[PDB]
Structures are given as structure tokens and as C-alpha cells.
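**Student:** Top line first, the protein sequences correspond to chains A, B, C and D. Going by UniProt numbering, the first residue of the first sequence is number 2, and it counts up by one from there. Going by UniProt numbering, the first residue of the second sequence is number 2, and it counts up by one from there. Going by UniProt numbering, the first residue of the third sequence is number 1, and it counts up by one from there. Going by UniProt numbering, the first residue of the fourth sequence is number 2, and it counts up by one from there. The beta-carbon is built from N, C-alpha and C at its ideal position, and this holds for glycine as well. Have a look at this one.
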Amino acid sequence: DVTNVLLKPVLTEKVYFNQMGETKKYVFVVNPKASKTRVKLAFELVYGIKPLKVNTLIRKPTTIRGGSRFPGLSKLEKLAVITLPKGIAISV
Amino acid sequence: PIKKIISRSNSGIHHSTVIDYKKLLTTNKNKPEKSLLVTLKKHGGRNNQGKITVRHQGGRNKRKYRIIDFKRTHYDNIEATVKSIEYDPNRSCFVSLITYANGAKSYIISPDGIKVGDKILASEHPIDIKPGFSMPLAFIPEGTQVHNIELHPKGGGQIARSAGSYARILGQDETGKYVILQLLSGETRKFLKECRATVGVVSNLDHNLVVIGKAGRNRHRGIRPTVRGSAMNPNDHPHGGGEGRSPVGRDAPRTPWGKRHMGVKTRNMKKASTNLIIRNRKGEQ
Amino acid sequence: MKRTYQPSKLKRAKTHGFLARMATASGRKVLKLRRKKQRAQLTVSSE
Amino acid sequence: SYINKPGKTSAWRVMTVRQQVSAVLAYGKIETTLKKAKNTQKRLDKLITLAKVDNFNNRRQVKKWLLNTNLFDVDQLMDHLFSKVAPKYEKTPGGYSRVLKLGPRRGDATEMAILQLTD
RNA sequence: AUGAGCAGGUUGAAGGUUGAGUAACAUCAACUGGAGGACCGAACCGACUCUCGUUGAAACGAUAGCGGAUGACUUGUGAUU
RNA sequence: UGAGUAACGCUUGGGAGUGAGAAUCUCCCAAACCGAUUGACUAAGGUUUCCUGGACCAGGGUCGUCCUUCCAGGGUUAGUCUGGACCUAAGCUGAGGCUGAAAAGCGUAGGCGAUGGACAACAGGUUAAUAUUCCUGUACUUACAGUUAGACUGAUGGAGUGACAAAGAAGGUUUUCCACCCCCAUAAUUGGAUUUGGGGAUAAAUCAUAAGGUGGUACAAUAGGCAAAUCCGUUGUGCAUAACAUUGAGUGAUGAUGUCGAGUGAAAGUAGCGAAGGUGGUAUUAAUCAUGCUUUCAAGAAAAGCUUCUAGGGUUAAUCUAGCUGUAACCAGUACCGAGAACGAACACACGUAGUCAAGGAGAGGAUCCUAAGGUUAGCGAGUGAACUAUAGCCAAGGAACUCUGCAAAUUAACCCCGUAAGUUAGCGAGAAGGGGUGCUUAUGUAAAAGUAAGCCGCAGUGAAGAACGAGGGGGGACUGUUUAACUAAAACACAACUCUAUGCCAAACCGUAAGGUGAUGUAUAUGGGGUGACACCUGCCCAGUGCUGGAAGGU
Ligand SMILES: [Mg+2]
Ligand SMILES: [Mg+2]
Ligand SMILES: [Mg+2]
Ligand SMILES: [Mg+2]
Ligand SMILES: [Mg+2]
Ligand SMILES: [Mg+2]
Ligand SMILES: [Mg+2]
Ligand SMILES: [Mg+2]
Ligand SMILES: [Mg+2]
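The following block contains the structure:
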């Protein structure tokens with residue numbers, strides 16, 4: 002409920018391609034230590050719409066900046082898609 | 002009795018033999034009763050440290066220990082009845098599945114002669130002498146074949162329970178207690194008169210006449226190759242080394258370790274049981 | 001031919017892992033030595 | 002060295018000749034190495050001179066050499082040949098193709114040449 | 001400890017049944033049965049020979065042959081000395 | 001310096017296009033190899049190597065507009081898949097404790113530990129990248145609350161089941177297959193065609209059916225199952241031949257007015273459109289029933305789980321079963337490669353790496369040759385065709401004269417048919433040796449085919465590809481096996497068997513200081529150790545010396 006489990010929404014062409022359907026599957030990146038029940042409860046508290054389904058995945062850190070004399074590591078983040086009832090939509 | 006196996010597999014010749022298992026057993030199908038089976042974990046010659054303490058022991062098949070009642074204590078003056086005679090992989094002899102009147106199944110070591118439907122009893126009062134009966138040695142008359150003897154009273158039949166073994170009664174001692182026994186292999190001992198036993202020789206008398214033909218059969222039986230000393234190197238064995246088929250060098254043959262081996266007495270004389278011995282397969286004490 | 005390093009991350013973790021090196025006194029001693037040398041990859045637990 | 006490429010076996014040589022002459026019939030010009038055009042020209046001339054009769058036997062003989070191309074399949078290439086290429090050469094005794102030399106390639110300095118046929 | 005694998009095709013034991021035979025045995029003939037650290041031979045395992053290679057393709061290999069190939073077999077995973 | 005020398009570590013040709021630059025990039029057409037695999041799905045392993053756009057410093061044994069390289073952006077979606085929240089095997093760890101200068105070692109209750117057990121989801125579609133996860137269609141499972149009907153519920157404990165070896169054979173069942181039929185396109189300039197080519201399908205799930213398989217059955221007594229049991233076990237009685245219980249491949253219907261579908265095809269072979277989507281047999285094929293059955297001995301996991309039993313509870317009720325309404329279903333993996341370029345080999349290294357799918361022709365076959373589905377252009381080329389090297393092909397006459405030796409190479413080779421000696425442990429020798437036939441057509445063959453007859457052709461008829469060369473005598477080891485990874489595979493080691501020796505259980509021997517453990521949950525028909533090494537016949541003399549055992553007087 003602290004709403005420290007909704008870090009950011011991501012807007013990619015795949016996300017839009019899913020948006021021009023009818024379920025309007027909104028997606029977010031969430032606190033990796035959180036869970037699907039916490040994510041859906043937070044979504045209910047922040048918008049007021051009870052979600053239909055939640056699916057999650059996490060992107061493992063990888064080598065970034067290649068060979069540049071100072072290579073680093075990427076960010077480990079969890080993405081949580083949030084389906085909705087067919088006849089509803091909301092902004093972000 | 003043994004049944005000769007004719008291989009006719011044209012790669013060498015082997016005159017192997019095997020106990021008949023057909024006219025001696027009953028219900029030759031391997032269908033043991035469930036309630037008294039516990040699996041044996043094959044130590045494989047090794048030890049809790051994981052090292053090898055006993056050489057050439059490993060590779061046996063997977064067995065299931067048949068819980069055998071040696072003590073014969075919880076059931077007294079309650080009649081039983083032999084149900085079948087199976088082949089027990091763990092030991093050389095044959096096991097009978099008996100059934101007491103109350104309805105508690107158990108395994109005992111089958112004396113030779115018994116068949117399905119016979120009736121046996123075990124108690125502490127003077128009873129009959131038919132094979133399978135059990136009673137303290139103080140009541141058994143002299144001369145009868147006896148097995149499943151134990152050293153300490155209420156201890157369970159450690160002594161003389163192998164296939165085709167027995168022991169002859171030889172009366173009592175002059176002290177009144179310590180009834181004298183003529184154990185197999187010449188040794189004569191003294192047993193307390195309150196020790197239990199069972200009359201009748203042990204069945205499967207022809208386990209000695211078997212002739213294992215193939216090496217693989219022996220290996221499946223749990224035995225591994227034994228490398229002689231003369232094949233060894235001068236390290237790892239006192240008989241090793243030598244530039245080809247050397248004879249034993251030292252004064253006397255040696256063990257893999259330095260201990261003297263041939264013809265050397267090794268029993269510990271300072272055991273309380275020494276007073277119980279009359280002859281030790283060669284001579285007095 | 002079959003070389004001498006067939007990888008299996010489970011075996012690596014159970015053998016050289018941190019908790020494996022925290023099981024015996026000698027493991028604690030070698031951990032102390034590695035802290036003294038300040039090695040960044042202290043154990044195989046860190047990639 | 003014991004194992005090696007199959008190399009330029011007789012079958013590979015004659016199949017390359019087949020492919021090149023088929024391509025010449027299809028298009029009319031080829032940019033290939035000079036010392037391959039100088040060999041292909043023989044079979045090219047033989048096929049051109051053999052096709053000035055249009056009997057079924059000559060078409061059967063021609064079948065032994067042609068290979069289908071993106072522009073023309075084998076049967077359509079036969080029809081093209083025996084219908085318009087051979088009539089163009091009904092009075093020239095031999096020498097139906099010319100092999101002129103280009104500049105060397107930057108890759109291998111090999112001496113590319115054009116195998117071309119015209120009256 | 002726990003699983004897995006052995007393309008295919010041969011040979012036809014013991015035992016049993018039937019009949020003969022025997023006073024009863026033994027033994028003989030036909031049918032059944034399908035055994036073997038059995039056979040031939042792919043995957044698999046191994047390394048007996050020649051050549052090549054020896055700053056090699058390779059810190060032990062390649063073509064060609066070669067031996068075993070239902071077992072004292074081969075192999076994955078886990079544990080231990 | 002060696003030196004612009006060896007080497008560049010399994011293969012092509014052409015058209016068009018881009019671009020400054022083209023053998024090496026893109027597209028197109030062929031071509032050649034792989035095709036029991038370079039084809040497809042994955043475990044482990046790697047950790048972004050995946051997709052799109054851009055770049056060609058560096059890396060690519062050459063070039064580069066291009067790359068598994070570099071830069072920018074993007075991509076993995078699970079109540080049902082793999083693992084955890086369930087269960088234990090080997091084993092690990094281990095409160096107390098035992099043991100040990102100290103550190104520590106062993107070990108009990110407990111707790112972990114899959115390579116195994118139990119457990120609910122299928123077909124299709126969709127993107128550049130994911131799909132039993134997303135979407136459509138259809139379902140299933142478990143909790144939780146309420147409601148309705150019925151019923152007394154029964155554990156942390158007991159019992160049953162769970163629950164298992166190897167080999168082999170037969171049978172049911174659809175399949176493969178064949179034949180017929182249906183549908184679609186196809187009618188051919190090179191001589192003759194009145195055909196040729198392709199396709200003929202559907203899941204989980206619910207209901208009914210179900211060939212079969214498994215195994216006495218019901219009643220009455222109970223002195224056993226830490227405690228009680230109606231359960232199990234035990235004992236009698238009648239019925240027994242099928243009844244009962246249990247399980248069961250497949251079949252039928254819905255699922256499906258759907259999807260797929262040969263092809264047709266516009267803006268791409270793509271969107272779309274898309275016909276038939278069957279009959280009978282089978283002396284062949286696989287897969288299931290099957291954790292079924294038979295035989296043999298080397299006698300073939302545990303726990304959880306499921307059913308049941310009472311205990312204990314409930315009674316002014318709980319709890320369970322069934323239906324209906326409603327709510328919920330957690331965490332981690334999900335990309336890609338999976339190998340002659342992403343892993344282990346320092347490499348874009350000819351090497352190694354578990355499992356699964358495994359088409360056609362001849363073929364017993366996954367052997368062999370050419371191919372189907374599908375994939376590739378072995379990341380230096382072009383010339384010449386000298387010596388010389390390697391790998392092939394062949395060689396007249398002779399046929400081991402070579403040589404340390406027939407090393408190497410050469411002959412035979414498949415199926416069918418005659419024919420097979422000495423010796424022997426009577427099993428073998430033995431595919432012994434030595435010979436004959438195979439092609440095609442017609443006829444006859446039977447159920448197919450082998451077989452048979454007639455005829456024809458060639459030098460040749462498993463016309464190619466894949467198939468044992470034997471004979472005789474001797475030494476050794478009885479035999480199958482194992483052995484010096486990376487110079488020695490044998491006469492060496494082991495082996496079944498023989499003998500001797502030790503050991504009566506807290507056994508001898510062994511690891512450890514010791515607890516403790518192996519020996520062994522075994523008991524002299526057993527176990528440890530030395531020596532010989534099937535089998536057949538034998539194993540002679542010497543106890544002076546040494547070793548061992550025994551000895552009781554004396555000396556030291
Ligand atoms: Mg040069
Ligand atoms: Mg020079
Ligand atoms: Mg030179
Ligand atoms: Mg060179
Ligand atoms: Mg490879
Ligand atoms: Mg593999
Ligand atoms: Mg094939
Ligand atoms: Mg092949
Ligand atoms: Mg010897």
C-alpha cells in the first residue's frame with residue numbers, strides 16, 4: 002500500500018501493439034522484491050480498478066557498454082502486465 | 002540336492018551346479034510377505050570413514066532383509082505352524098514363515114525335515130523333542146541335534162545357525178550348571194543351562210556341494226578379485242617386487258601388513274570365555 | 001578427447017561456495033586470508 | 002596434408018562448362034575468368050553449330066548440355082535457341098562467339114573476360 | 001543410491017507333454033519351451049596394424065581396416081574414499 | 001635474420017541490385033554434399049550470444065557495404081510445463097551425548113538432500129523477437145465462505161495399498177500398409193501417348209459402451225497389531241466352476257455451424273479465399289493393454305500419498321459427502337545456441353558431450369546407394385598440370401624370388417541349394433573344407449512369394465554400393481574378461497576350482513589415538529589371509545638350519 006512497488010510504466014512498440022486490442026493490457030516495472038498480489042492490490046489502491054490478471058517476468062542483469070574500458074552491468078527489473086475487464090480503460 | 006546346469010554355450014566349458022529349489026522349497030515364486038521386510042544398505046566393504054577396511058567385497062545385488070526372530074521370547078506356550086519355506090538371499094539356510102495361534106507372522110530358521118502344516122512350539126517347560134521345538138538346554142536330553150544356540154541367556158541364537166550345521170549335547174558339568182556342548186569343528190564348549198536352543202539340523206544341507214561355474218556368478222554373489230602378493234609391487238605388500246615369479250622371500254609368509262600369518266595362534270587368551278572351553282579344535286584350552 | 005573441466009554449477013556451489021567455506025575452521029582461515037588480500041571476487045559465490 | 006577438398010574434378014569442370022554455356026544462351030554475355038571462357042567457347046560453338054537442323058536428334062543432343070536458368074527453363078531455352086539464335090547464324094562458318102579481356106579484379110588480380118556472341 | 005541404452009537376424013539347452021519302451025526304471029521318437037559370462041552384426045564401448053601428421057586440424061588425431069557388442073556390459077545424475 | 005618463405009586449419013557457377021570500392025553483401029536460378037543427419041524438440045552448459053536499425057578503428061588467417069564484432073533501441077508473461085511451498089534413497093548436518101593436548105572426530109532425536117514417488121490443459125491462431133504462459137475455443141484441480149439435501153465424524157497412532165529383478169513368448173486393440181473409391185489441378189510439338197501429379201484430419205475433456213487383465217468369495221469367533229478397533233491378521237462354515245471387488249486398452253456421441261486443410265491468391269507467395277476430407281482386408285509394421293503373464297535365480301528401494309480402523313470428539317451439534325452462488329490460486333526458469341563457429345578443448349580448433357522425433361526404393365535391418373521433409377556453400381582464391389609428396393585407379397609375363405617376418409596390399413564375401421573330415425570333456429569342430437544358382441520376359445505358381453517350365457540378351461546377370469581368404473604342425477595361457485589415459489594388451493593380472501592357516505562372537509583381521517565403524521544385522525556348509533590356477537593322472541626324500549606350535553623338569 003506504500004505504493005513503493007510501482008516504479009514506472011514502460012512504453013514500447015510491443016506494449017502499444019497490445020494496447021490496440023480490447024483488453025488494454027497496461028504494463029509497469031515493479032519492485033523486484035514484491036509479488037503479484039501486492040502489485041494488484043497497489044494497482045487497485047492507485048486507480049480504483051480491480052485487475053483481471055497479472056503476469057510477471059524479470060530481466061536478468063547483463064553486460065552493458067560492451068568493451069569500453071569501463072564496462073558495467075545492466076539493471077535487474079520485474080515487469081508486471083495488468084489486464085483489465087474488456088470494457089474499461091484508464092490513463093497512466 | 003543339486004541340479005546340474007548344462008550351458009551348451011560354446012565359449013569354454015563350465016560344470017556349474019545349483020541347489021534344486023524346486024523339490025525343497027514351496028511356492029517357488031518370489032513372493033515374500035510384506036510386513037517383516039526391511040532393506041539392507043550394502044556397506045560395500047567400506048567403513049563409516051569411507052575407507053576400505055575389508056578387501057574384495059562389493060558389487061552384491063540389492064537384497065531385502067527378512068526379519069528373523071532369533072530370540073524366540075515374546076511368544077511362549079503359544080502354538081505356531083509353518084506356512085512355506087522360501088529362499089532367503091541374506092543367509093545360506095532356508096527360512097520358514099510360521100504363524101502363531103494369535104495371528105502374528107514371523108520368520109524362523111527352518112530345521113531340516115519340516116514341511117508345510119507342521120506344528121512347532123517354544124517355551125521354558127519340558128516339552129516334546131520333535132524338530133522345530135525350542136526349550137532351554139537344561140531340559141534337552143543328551144545326544145540330540147541342536148542349533149540356534151545362544152551364549153547369554155535371552156540373547157538370541159548366535160551360535161550354529163548356518164546351512165546344515167548342528168551341535169551335539171554332551172551332558173552337564175560336575176558343577177551342576179554349564180551344560181557341556183560338542184560344537185561343530187571339534188570345539189567343545191560349556192553353555193549355561195538356561196540358554197535356549199532348537200532341535201534338528203538346519204535345512205539346505207547341500208549348499209556345500211555347489212560348484213559356481215562362471216566368474217560373473219561369483220561377482221554377482223558379492224565377491225571381488227583377490228590379487229596375490231607375488232603379483233604385487235614391493236610397495237603395498239611384503240611379497241611384492243622380484244624380477245619374475247619370485248618365491249616368498251622372508252622366513253615366513255606375511256599378510257598384506259607386517260603381521261606374521263601362518264600357523265600363529267591369534268585368539269586372545271585373556272577372555273572370560275576361556276574357562277568355558279574344553280578343547281579348541283586341536284587340543285586342550 | 002574428454003578434457004578435465006566438465007562444468008556443473010551445482011557442484012561448484014556445493015564445493016567452493018561461501019557456505020561450504022564457512023563450514024570448517026580452515027575455511028574461515030582462508031576467508032580471513034582472502035579478506036586480507038582484499039580480493040574483489042572473494043569466493044566463487046560471486047560471479 | 003592428407004584430407005583435402007574435392008577440387009576441380011572432371012565432373013566439376015564439365016558441369017561448370019554446362020552452366021556457363023547455358024547462361025550464355027540465356028543472356029548472351031558472361032563476365033568469367035579468361036581461362037574458363039577459353040574452354041567454354043568450344044562447347045558453345047559446338048552447340049550453336051549443332052542446332053542448325055532442328056531435328057529431334059539434335060534437340061536430344063542439346064539436352065545433354067543445357068541447364069535451366071532464372072530467365073529461361075530448359076525447354077523454353079531450347080525453344081528460344083532453335084527458334085531465334087540458330088537462324089541468326091545460318092551462314093557464318095564457325096566462330097560464333099568472341100572472348101575479349103577485361104581488367105584484373107581487386108580481389109585476386111585474376112583476368113576476367115567477356116564471353117560474348119554476335120554476328 | 002537412482003534412472004537409461006543395446007537396429008536386426010541366427011543357434012535351439014534344461015524342463016514339460018505325448019507315444020513307444022520298462023514288472024517298475026533307464027532309454028528312444030515327435031510336439032512344446034526359449035537358455036547361454038552363446039553366434040553374426042549396426043548405435044555404443046575399446047584401441048591390435050599400416051599410412052599420414054610430429055613448430056600437426058589435434059598437448060594423442062584422421063581415412064582404412066580391427067575386438068566386444070544381454071553382460072565380470074555401457075552411460076547420465078547425486079554422494080563418498 | 002629466417003622472409004615477404006611455410007601456412008591460410010573438407011566445396012561451386014552465373015544474372016540482377018546496392019554501393020566509391022564486389023569472387024566473398026542482398027535477391028534470383030542452378031549446382032554439390034548431409035539427410036539414424038549438417039534434419040526437429042530439449043536436459044546440462046554458456047549468460048544476451050536473440051530481434052530490429054546503424055558502423056566498418058580494432059577481432060574475421062584475404063576482401064567486406066557484412067558479421068556470433070561494435071553502437072542504439074527492443075524482447076522471455078504459467079492455479080495445469082520444470083523445480084520449491086509435498087515425500088523420502090546413497091549421503092550430509094546434527095540439540096543432548098561419547099571421545100579426543102586445543103582445533104576437533106563419531107553419533108541419537110530432529111533437519112536437509114532427486115538422478116525417483118504423488119500431483120489439475122488441450123487444439124489452433126498470433127509478433128521481428130515469447131508461447132501447453134499471450135489470444136479464441138473448450139476443460140479440469142484445490143482451498144474458502146454462504147446456501148440446500150443427506151449422513152455421526154473418526155488421528156499425530158494401527159492396518160492395507162503405495163511397492164518395483166532379468167529374460168522371453170503369446171493375445172486383444174487400433175495403426176503402418178494395400179486395394180477400391182472421393183476430390184483438386186493437369187491434356188503437353190522432339191518420335192509416341194487416350195494421362196500425370198497431389199491431397200483424403202482433427203485434441204484434452206464429459207457421457208455411454210468396453211475386448212480383456214488382476215484376485216477365492218460372504219458369514220461366525222477372536223489369546224496379535226506399545227491403547228482400542230467392526231480394520232488388518234488368524235481360525236472354521238457354505239457357496240465354489242462365476243459372483244463380487246478392482247482395473248482396462250479402444251469404440252460411439254458432443255467437443256466441431258469450429259480449426260486445419262491440396263491449392264488459389266490480391267498488397268507479399270503474404271493478407272484473403274479455400275474443395276474432398278471415405279470403404280474393405282491385412283499370412284507385414286509400431287504402439288498401447290502391461291506396474292499383465294510365464295520361466296529362472298545372482299531373489300529384485302524408502303517415505304509421502306490414497307482407503308480403512310478405532311482413539312478422541314459432537315449431540316441442542318460438529319464433521320463429512322453431494323449440488324448450487326460467490327471469492328482465491330504464491331515464488332523461481334521460460335529468449336537463443338545446443339555444436340565442423342555460441343559448451344569442455346588458450347581458436348570462426350577435423351576432438352568429446354545425456355535423452356527424444358527417425359520418411360521412400362531395393363533391403364532382415366537405424367547396414368549400403370540415391371533421395372523426401374529440412375539445411376549448407378565448410379571464411380583465402382586464380383592459374384599450370386614439372387620434379388617430389390599424400391590419396392586414389394590400373395598394369396602385360398612371373399606369383400613371395402621382397403623381407404627381420406606374406407607388414408602392407410591382394411582373394412572370398414548377400415541369399416538359396418548340395419556337401420562337410422581328423423579330433424573331443426560328446427557341448428563342439430563347422431559358415432569346416434569343396435562346389436552350384438541369381439539378369440529379363442512369358443507361362444505355371446499359392447494367400448503373397450519362394451519354387452518350376454519355356455524363351456531372350458550380354459564378355460560379364462547379390463552386373464554398382466555392403467558383406468568370412470583358407471589348410472597343416474608346434475609353444476603359451478584352460479576359456480569370456482582386466483591391465484601401463486599419452487610408445488609395450490601379452491605368455492602379465494584376474495577368473496571358476498584346490499590346499500593350508502587363523503577365528504566360538506564384544507569372533508579373528510582391519511580403519512581410527514578414542515568414541516565408533518567394517519567384518520556382519522553374518523555364526524565354522526561362516527569369515528579374514530598366504531600359495532597354486534579349468535579338467536584328467538600324480539605332488540617323492542630331508543625337521544640338520546630358520547619359521548611355527550606344544551612342553552615342563554633344569555640353567556640364565
Ligand atoms: Mg605469396
Ligand atoms: Mg628461404
Ligand atoms: Mg616456395
Ligand atoms: Mg604454400
Ligand atoms: Mg563434433
Ligand atoms: Mg549428447
Ligand atoms: Mg532409411
Ligand atoms: Mg550411412
Ligand atoms: Mg600363476
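Which first and last residues belong to the alpha helix (DSSP H) in which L45 (chain D) is found?
**Tutor:** Here the alpha helix (DSSP H) through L45 (chain D) covers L35 to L51.
**Student:** For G133 (chain B), count neighbouring Cβ atoms within 10 angstroms of its own Cβ and tell me buried if that reaches 16, exposed if not.
**Tutor:** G133 (chain B) comes out buried.
**Student:** Please work out which residues of its chain come closer than 6 Å, Cβ to Cβ, to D89 (chain B), disregarding the five sequence neighbours upstream and downstream, and give them in chain order.
**Tutor:** Closer than 6 Å at the Cβ level, and outside the excluded window around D89 (chain B), lie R67 and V96.
**Student:** Whole angstroms are fine: how far does the CA of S36 (chain B) sit from the CA of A105 (chain B)?
**Tutor:** One C-alpha to the other measures close to 10 Å.
**Student:** Quick check: what's the CA-CA separation for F29 (chain A) versus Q38 (chain C)?
**Tutor:** In a straight line, the C-alpha of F29 (chain A) is about 40 Å away from that of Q38 (chain C).
**Student:** From this set, D:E32, D:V15, D:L35 and D:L26, which residue's C-alpha is nearest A52 (chain D)'s C-alpha?
**Tutor:** It is D:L26 whose Cα lies nearest to the Cα of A52 (chain D).
**Student:** Rounded to a whole number of angstroms, what is the C-alpha to C-alpha distance between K266 (chain B) and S274 (chain B)?
**Tutor:** The straight-line gap from Cα to Cα measures roughly 17 Å.
**Student:** How far does the alpha helix (DSSP H) with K64 (chain D) in it extend, from its first residue to its last?
**Tutor:** Looking at the DSSP string, the run of the alpha helix (DSSP H) that includes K64 (chain D) is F57 to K64.
**Student:** Going by DSSP, what residue range makes up the alpha helix (DSSP H) through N56 (chain A)?
**Tutor:** It is not in any alpha helix (DSSP H) - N56 (chain A) instead sits in the beta strand (DSSP E) that spans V55 to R60.
**Student:** Look up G73 (chain A) in the DSSP assignment and say whether it is helix, strand or coil.
**Tutor:** The answer is strand: DSSP assigns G73 (chain A) an E or B state.
**Student:** Run through the stretch 25-50 of chain A for me and flag every whole alpha helix (DSSP H) of 4 or more residues, listed as ranges in chain order.
**Tutor:** Correct list: 37-48.
**Student:** Restricting to Cα atoms, I'd like to know which of B:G230, B:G243 and B:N234 is closest to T256 (chain B).
**Tutor:** Nearest option by C-alpha distance: B:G230.
**Student:** Examine the Cβ distances between the stretch 72-88 of chain A and the stretch 35-51 of chain A and report whether three or more of them are shorter than 8 Å.
**Tutor:** Yes, the stretch 72-88 of chain A is in contact with the stretch 35-51 of chain A.
**Student:** Mind checking whether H240 (chain B) and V249 (chain B) have CB atoms under 7 Å apart?
**Tutor:** Yes, the pair counts as a contact, with Cβ atoms nearer than the cut-off.
**Student:** Go ahead and pull the three-state DSSP assignment for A81 (chain A).
**Tutor:** Strand, per DSSP.
**Student:** Does DSSP classify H81 (chain D) as helix, strand or coil?
**Tutor:** Residue state, collapsed to three classes: helix.
**Student:** Pick helix, strand or coil for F192 (chain B), following the three-state DSSP scheme.
**Tutor:** Strand at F192 (chain B).
**Student:** Does DSSP classify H221 (chain B) as helix, strand or coil?
**Tutor:** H221 (chain B) falls in the helix class under three-state DSSP.
**Student:** In angstroms with no decimal places, state the Cα-to-Cα distance between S84 (chain D) and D76 (chain D).
**Tutor:** Going by the C-alpha atoms only, they are around 12 Å apart.
**Student:** Sorted by chain position, which residues of the same chain lie with C-beta nearer than 8 Å to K178 (chain B)'s C-beta, five sequence neighbours on each side aside?
**Tutor:** Result list for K178 (chain B): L193 and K194, in chain order.
**Student:** Measure the C-alpha to C-alpha separation of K9 (chain C) and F18 (chain C) and round it to an integer number of angstroms.
**Tutor:** C-alpha separation (whole angstroms): 14 Å.
**Student:** Considering only residues of the same chain and omitting the five flanking positions on each side of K5 (chain B), which have a CB-CB separation below 6 Å?
**Tutor:** Excluding positions up to five away in sequence, the list reads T18.
**Student:** Going by CA-CA distance only, name the one from B:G51, B:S85 and B:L41 that's closest to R64 (chain B).
**Tutor:** Nearest option by C-alpha distance: B:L41.
**Student:** What would DSSP say about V39 (chain B), mapped onto helix, strand or coil?
**Tutor:** In this structure, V39 (chain B) counts as strand in the three-state DSSP scheme.
**Student:** Span of the alpha helix (DSSP H) holding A20 (chain C)?
**Tutor:** Here the alpha helix (DSSP H) through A20 (chain C) covers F18 to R21.
**Student:** Taking all protein chains shown into account, do 16 or more other C-beta atoms lie within 10 angstroms of the C-beta of residue 1 (chain D), making it buried, or fewer, making it exposed?
**Tutor:** Any answer about residue 1 (chain D) is impossible in this case: the structure gives chain D only from 2 up to 120.
**Student:** Under the DSSP definition of a beta bridge, which residues are partnered with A123 (chain B)?
**Tutor:** Its beta-bridge partners are B:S135.
**Student:** Confirm, please, whether the CB-CB distance from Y167 (chain B) to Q146 (chain B) is below 7 Å.
**Tutor:** Their beta carbons are under 7 Å apart, which means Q146 (chain B) touches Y167 (chain B) by this criterion.
**Student:** Using the beta-carbon count (16 or more within 10 Å), is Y17 (chain A) buried or exposed?
**Tutor:** Exposed: under 16 other Cβ atoms inside 10 Å.
**Student:** So, with DSSP's three-state summary, where would you put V96 (chain B)?
**Tutor:** In this structure, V96 (chain B) counts as strand in the three-state DSSP scheme.
**Student:** Between which two residues does the beta strand (DSSP E) containing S85 (chain B) stretch?
**Tutor:** Unbroken beta strand (DSSP E) run through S85 (chain B): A81 to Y88.
**Student:** Give me the Cβ distance between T28 (chain B) and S111 (chain B), rounded to the nearest whole Å; I'm assuming they're in contact under 8 Å.
**Tutor:** Not a contact, Cβ separation roughly 14 Å.
**Student:** If we ignore side chains and look at the alpha-carbon of each, how far apart do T74 (chain B) and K14 (chain C) end up?
**Tutor:** Using only the alpha carbons, I get a separation of about 50 Å.
**Student:** DSSP on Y167 (chain B), reduced to helix/strand/coil?
**Tutor:** In the structure shown, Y167 (chain B) sits in coil (DSSP, three-state: anything other than H, G, I, E or B).
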